[PDB]
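Everything below belongs to protein_33.cif, which stores mmCIF, C-alpha atoms.
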```cif
data_model
loop_
_atom_site.label_atom_id
_atom_site.label_comp_id
_atom_site.auth_asym_id
_atom_site.auth_seq_id
_atom_site.Cartn_x
_atom_site.Cartn_y
_atom_site.Cartn_z
CA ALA A 1 84.23 145.12 172.52
CA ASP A 2 84.38 148.64 173.97
CA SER A 3 82.74 149.87 177.18
CA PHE A 4 81.50 153.47 177.27
CA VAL A 5 78.35 155.40 178.21
CA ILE A 6 77.23 158.45 176.21
CA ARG A 7 74.62 161.12 176.79
CA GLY A 8 71.06 160.41 175.68
CA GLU A 9 75.16 161.68 171.10
CA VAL A 10 72.90 158.68 170.48
CA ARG A 11 72.40 159.93 166.91
CA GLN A 12 76.17 159.61 166.31
CA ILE A 13 77.50 156.74 168.43
CA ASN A 14 79.81 166.16 169.94
CA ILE A 15 80.80 162.50 170.10
CA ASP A 16 85.23 165.24 168.24
CA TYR A 17 85.07 164.48 171.97
CA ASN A 18 86.72 161.02 171.92
CA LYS A 19 86.53 159.47 166.63
CA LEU A 20 84.34 156.36 166.22
CA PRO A 21 82.08 157.25 163.29
CA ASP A 22 79.24 155.52 161.46
CA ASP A 23 81.32 154.35 158.47
CA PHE A 24 83.63 152.47 160.85
CA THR A 25 82.97 148.79 160.20
CA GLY A 26 81.24 147.27 163.20
CA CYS A 27 78.06 146.57 165.12
CA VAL A 28 76.50 148.68 167.87
CA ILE A 29 74.97 146.86 170.85
CA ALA A 30 73.31 149.43 173.05
CA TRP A 31 70.77 149.88 175.83
CA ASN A 32 69.74 152.42 178.45
CA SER A 33 71.91 153.00 181.53
CA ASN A 34 69.05 154.49 183.57
CA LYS A 35 67.91 151.09 184.92
CA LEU A 36 71.17 149.66 186.31
CA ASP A 37 73.86 152.37 186.36
CA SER A 38 71.63 155.04 187.86
CA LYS A 39 69.77 156.55 190.83
CA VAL A 40 66.66 158.72 190.92
CA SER A 41 68.42 160.15 187.84
CA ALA B 1 54.65 180.56 169.76
CA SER B 2 51.99 177.98 168.94
CA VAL B 3 52.19 175.60 165.97
CA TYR B 4 49.52 177.37 163.92
CA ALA B 5 50.81 180.84 164.86
CA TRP B 6 54.56 180.20 164.72
CA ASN B 7 56.70 183.34 164.83
CA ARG B 8 58.98 184.25 161.94
CA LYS B 9 62.60 184.94 162.88
CA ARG B 10 65.58 185.82 160.69
CA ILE B 11 69.19 185.93 161.92
CA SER B 12 71.13 188.95 160.65
CA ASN B 13 74.90 189.45 160.25
CA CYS B 14 76.57 187.29 162.87
CA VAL B 15 79.92 185.68 163.62
CA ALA B 16 78.50 182.33 164.71
CA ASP B 17 80.10 180.06 167.31
CA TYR B 18 78.42 176.65 167.35
CA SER B 19 80.77 174.89 169.79
CA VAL B 20 79.16 176.74 172.72
CA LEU B 21 75.66 175.89 171.47
CA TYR B 22 75.51 172.06 171.26
CA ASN B 23 76.06 171.63 175.03
CA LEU B 24 73.26 174.01 176.00
CA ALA B 25 70.21 172.22 177.40
CA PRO B 26 67.72 173.00 174.55
CA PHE B 27 70.21 172.27 171.75
CA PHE B 28 71.30 168.64 172.31
CA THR B 29 70.13 167.14 168.99
CA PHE B 30 71.08 167.72 165.36
CA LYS B 31 68.95 165.03 163.66
CA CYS B 32 68.59 166.42 160.14
CA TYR B 33 70.09 166.48 156.64
CA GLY B 34 71.80 168.90 154.28
CA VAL B 35 74.21 170.40 156.85
CA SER B 36 76.97 168.93 158.99
CA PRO B 37 77.42 169.64 162.72
CA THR B 38 81.23 169.57 162.49
CA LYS B 39 81.25 171.88 159.45
CA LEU B 40 78.94 174.79 160.37
CA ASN B 41 81.89 176.65 161.93
CA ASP B 42 83.51 176.95 158.47
CA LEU B 43 80.50 177.70 156.23
CA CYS B 44 79.02 181.00 155.08
CA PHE B 45 75.32 181.73 154.68
CA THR B 46 73.10 184.28 152.95
CA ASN B 47 70.63 184.25 155.86
CA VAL B 48 69.56 181.97 158.72
CA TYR B 49 65.95 181.53 159.84
#
```

Final structure tokens representation of the file:
Amino acid sequence: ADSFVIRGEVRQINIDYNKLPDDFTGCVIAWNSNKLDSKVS
Amino acid sequence: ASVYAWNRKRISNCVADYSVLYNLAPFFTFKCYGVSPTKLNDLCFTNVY
């Protein structure tokens, strides 16, 4: 289980900027960071 | 332009650099088909609209 936050790049995982493509075998569990890891923005 | 009166635009002879474009504020997305975002820097085109 990896732990990263991207911009939105949500169509892909720009991100050659640190190689984890769609045909890599796995599941994507994802949600918005604007409710917990945020501010006004 | 408006949707019904959209302006026609053709791009002429150009040495294109796309790596400076994808991080500009109006050019964040590339949700489409038929071209690749990591391959446009190596392709040649007859014209671009």

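The gap separating CA of residue 38 in chain B from CA of residue 25 in chain A is 21.0 Å, in Å to one decimal.
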
message: Since I can't run it myself right now, could you work out what the PyMOL selection byres ((chain A) within 10 of (chain B)) selects here and report it as a PyMOL selection string?
response: chain A and resi 7-12+14+16

task: Pick out the residues sitting within 10 Å of residue 28 in chain A, and hand them over as a PyMOL selection string; count only C-alpha atoms, and ignore anything fewer than 3 positions along from it in its own chain.
output: chain A and resi 1-2+13+22+31

Limited to C-alpha atoms, could you put the picked residues into a file as an mmCIF file, keeping the file's coordinate frame?
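The resulting part39.cif:
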```
data_model
loop_
_atom_site.group_PDB
_atom_site.id
_atom_site.type_symbol
_atom_site.label_atom_id
_atom_site.label_comp_id
_atom_site.auth_asym_id
_atom_site.auth_seq_id
_atom_site.Cartn_x
_atom_site.Cartn_y
_atom_site.Cartn_z
ATOM 1 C CA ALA A 1 84.230 145.120 172.520
ATOM 2 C CA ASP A 2 84.380 148.640 173.970
ATOM 3 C CA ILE A 13 77.500 156.740 168.430
ATOM 4 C CA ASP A 22 79.240 155.520 161.460
ATOM 5 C CA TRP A 31 70.770 149.880 175.830
#
```

task: Quick one: pull the distance between CA of residue 6 in chain A and CA of residue 34 in chain A, Å, one decimal.
output: 11.7 Å

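If you look at CA of residue 10 in chain B and CA of residue 48 in chain B, they are 5.9 Å away from each other.
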
Might I get the box with edges along x, y and z of the file that holds all atoms of range 26-30 of chain B listed there, padded by 3 Å on every side, given as centre and edge lengths in Å to one decimal, as lines of an AutoDock Vina configuration file?
```
center_x = 69.5
center_y = 170.1
center_z = 170.0
size_x = 9.6
size_y = 11.9
size_z = 15.2
```

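Of the listed residues (B:25, B:20, B:12, B:33), B:12 comes nearest to residue 46 in chain B; the distances count only C-alpha atoms.
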
task: Dig up all the protein and nucleic acid residues within 10 Å of (78.9, 183.9, 159.9) in the file frame, using all atoms listed in the file, and format them as a ChimeraX atom specification.
output: /B:12-17,40-48

Rebuild N, CA, C and O atoms on range 5-21 of chain A, as a compact mmCIF listing (two decimals), in the coordinates of the input?
```txt
# COMPACT_ATOMS: atom_id res chain seq x y z
N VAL A 5 79.71 154.90 178.04
CA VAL A 5 78.35 155.40 178.21
C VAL A 5 78.32 156.83 177.69
O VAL A 5 79.12 157.67 178.11
N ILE A 6 77.38 157.12 176.78
CA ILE A 6 77.23 158.45 176.21
C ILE A 6 75.96 159.10 176.74
O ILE A 6 75.16 158.48 177.44
N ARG A 7 75.79 160.37 176.38
CA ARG A 7 74.62 161.12 176.79
C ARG A 7 73.44 160.83 175.87
O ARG A 7 73.60 160.76 174.64
N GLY A 8 72.26 160.65 176.45
CA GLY A 8 71.06 160.41 175.68
C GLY A 8 70.42 159.06 175.94
O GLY A 8 69.57 158.60 175.18
N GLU A 9 74.03 162.48 171.55
CA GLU A 9 75.16 161.68 171.10
C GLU A 9 74.71 160.31 170.61
O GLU A 9 75.47 159.58 169.98
N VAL A 10 73.45 159.96 170.91
CA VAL A 10 72.90 158.68 170.48
C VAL A 10 72.64 158.66 168.98
O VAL A 10 72.54 157.58 168.39
N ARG A 11 72.52 159.83 168.35
CA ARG A 11 72.40 159.93 166.91
C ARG A 11 73.73 159.69 166.19
O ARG A 11 73.73 159.47 164.97
N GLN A 12 74.85 159.73 166.91
CA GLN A 12 76.17 159.61 166.31
C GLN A 12 76.90 158.33 166.70
O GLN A 12 77.64 157.79 165.87
N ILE A 13 76.72 157.85 167.92
CA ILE A 13 77.50 156.74 168.43
C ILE A 13 76.72 155.98 169.50
O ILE A 13 76.18 154.91 169.24
N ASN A 14 78.90 166.18 168.79
CA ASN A 14 79.81 166.16 169.94
C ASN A 14 80.69 164.92 169.92
O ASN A 14 81.91 165.02 169.76
N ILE A 15 80.07 163.76 170.09
CA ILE A 15 80.80 162.50 170.10
C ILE A 15 80.40 161.65 168.89
O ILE A 15 81.25 161.27 168.08
N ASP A 16 83.81 164.94 168.10
CA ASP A 16 85.23 165.24 168.24
C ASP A 16 85.71 164.97 169.66
O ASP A 16 86.91 165.02 169.94
N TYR A 17 84.77 164.67 170.55
CA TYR A 17 85.07 164.48 171.97
C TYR A 17 85.23 162.99 172.29
O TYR A 17 84.44 162.40 173.02
N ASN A 18 86.29 162.41 171.72
CA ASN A 18 86.72 161.02 171.92
C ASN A 18 85.63 159.99 171.61
O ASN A 18 85.40 159.65 170.45
N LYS A 19 86.45 159.60 168.08
CA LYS A 19 86.53 159.47 166.63
C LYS A 19 86.14 158.03 166.27
O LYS A 19 86.96 157.23 165.82
N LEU A 20 84.88 157.68 166.52
CA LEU A 20 84.34 156.36 166.22
C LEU A 20 83.07 156.54 165.40
O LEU A 20 81.95 156.49 165.93
N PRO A 21 83.21 156.78 164.10
CA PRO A 21 82.08 157.25 163.29
C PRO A 21 81.19 156.11 162.81
O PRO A 21 81.37 154.95 163.16
```
